[PDB]
């Protein structure tokens, strides 16, 4: 009867996954099967396939956070985050629009702030910044050279990110990556690392001392990206879900989607990997399923989340959890 979280069993390295295909832009498979696919195409260390360890299988079993946790080797911090927000559309639709049939002004403002974000441009911004960081670390063999290479291209590109503080989440993103300091990972050599991207959907009204309106309909001033840089301050994100509007209404607090480092230029053709919930086949929610969605399917989101952040972190180049190409389903 226990809806307790269980860790999926170990899958032999030769066991091939059962076939599955996307339907209307999204594919899904039970987590036991996705482990088989992950071991075939994502597990390589220096080109050598590996079995998903007991620890990784435990991380994965926690739900949508598990895919990103396993692929990046770290529980997501969301320290370096980007998003796009049309300030002019938000200000105009506030001072020109009107609440629809059945909306509090706190609900109208919350929705307009939600619809003013552009998740395509937000993912596009994180794309271009991650490319600058990868070029900076290409031939840099110490962090000092990486920071010098990074600032050089940002200044020549007239990117406002150049003026970030030396200890900001942006400039400290590489040195704060645990695998960067590990002797089997980066070994303090930026040229052995690579920038990767995942996304987080979450709720804006997370201040427990704020009005119930913002907890139920959103805080328009919360989690807006800074001008010029597009950086989102994720320090006040505390994994707090949207508050219910009526009794019985349940909301999920966040959602994590793994992009990696795909080379496909079409944002709409990029694949995002996420899970529905934690693994409990003997319990209420059932077994965890891993979803592989096209970008527009992922960025469609839900009413649970009014915010989207596109995060940059780093993994060693020796890994294969962020390959150039990601294929939905199997084979």
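Numbering follows the first chain given and starts at 1.
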### Query
Taking only the CA atoms, which stretch has the higher mean B-factor in the record, 276 to 284 or 61 to 69?
276 to 284
### Query
Taking only the CA atoms, which stretch has the higher mean B-factor in the record, 174 to 182 or 190 to 198?
174 to 182
### Summary
The largest CA temperature factor among 75, 90, 254, 258 is found at 90
### Message
Highest recorded C-alpha temperature factor, please, choosing from 117, 123, 108, 203.
### Response
108
### Task
Consider only the C-alpha atoms of the modelled residues in this chain, order them by B-factor as the entry records it, and name the third containing residue 9: lowest, middle or highest.
middle
### Task
State the tercile, meaning the lowest, middle or highest third, of residue 82 with respect to the CA B-factors recorded for its chain.
lowest
### Message
Among the modelled residues of this chain, does the Cα B factor of residue 323 put it in the lowest, middle or highest third?
### Response
lowest
### Ranked C-alpha temperature factor of residue 130 among modelled chain residues, by third
lowest
### Message
Could you place residue 296 in the lowest, middle or highest third of its chain by Cα temperature factor, using the values in the record?
### Response
middle
